[PDB]
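**Student:** Here we go, the starting part of the complex in its complex frame:
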Amino acid sequence: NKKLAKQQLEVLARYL
């Protein structure tokens, strides 16, 4: 749950 939230936040920072 939170780990997946965080995985996505990370991937966003990567994308941008």
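**Tutor:** Done, it's in. Numbers count the residues shown, from 1 in each chain, chains lettered A, B, ... in the order given.

**Student:** mind checking how far the helix or strand hosting residue A:9 is from the chain centre?
**Tutor:** Residue A:9 belongs to helix A:2-15 when elements are defined using DSSP states H and E. Helix A:2-15 sits 0 Å away from the centroid of its parent chain (Cα atoms, centre = their mean, to the nearest Å).

**Student:** What of stretch A:8-16?
**Tutor:** 5 Å.

**Student:** export it as CSV, just CAs?
**Tutor:** Extracted in CSV, the C-alpha atoms of stretch A:8-16 (Å, rounded to 0.1, in the frame of the first residue of the first chain):
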residue,chain,number,x,y,z
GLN,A,8,5.0,5.5,-7.9
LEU,A,9,6.2,8.8,-6.3
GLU,A,10,9.7,7.7,-7.0
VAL,A,11,8.9,6.8,-10.7
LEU,A,12,7.4,10.2,-11.1
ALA,A,13,10.5,12.0,-9.9
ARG,A,14,12.3,9.8,-12.4
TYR,A,15,10.0,10.7,-15.3
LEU,A,16,10.3,14.4,-14.7
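
**Student:** Here is chain B, add it in:
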Amino acid sequence: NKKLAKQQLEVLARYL
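**Tutor:** Chain B goes in next, on the same frame as the chains above:
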């Protein structure tokens, strides 16, 4: 500035 903000924010995410 913002790029450094962002780099760090995500080294952070990676850590946890």
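
**Student:** show me the contacts for the residue of chain A found nearest chain B.
**Tutor:** Per Cβ to the nearest Cβ, residue A:13 is where chain A lies closest to chain B, at 3.8 Å. Yep, even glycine has a C-beta here, placed from its N, CA and C like the rest. Residues near residue A:13 by Cβ atoms under 8 Å, 6 or more residues apart in numbering or on different chains: B:6, B:9, B:10, B:13.

**Student:** Flag every buried residue along the helix holding residue A:9.
**Tutor:** Buried positions in helix A:2-15, judged by neighbour count with 16 or more other Cβ atoms under 10 Å in any protein chain shown: A:10, A:13.

**Student:** which one of the contacts of residue A:13 sits closest to residue A:1?
**Tutor:** Nearest to residue A:1 among those is residue B:13, at 15.2 Å by Cβ to Cβ.

**Student:** Leaving aside the residues adjacent along the chain, what's closest to that closest one?
**Tutor:** Nearest residue to residue B:13, sequence neighbours excluded (Cβ to Cβ, 6 or more residues apart in numbering or on different chains): residue A:10, at 4.4 Å.
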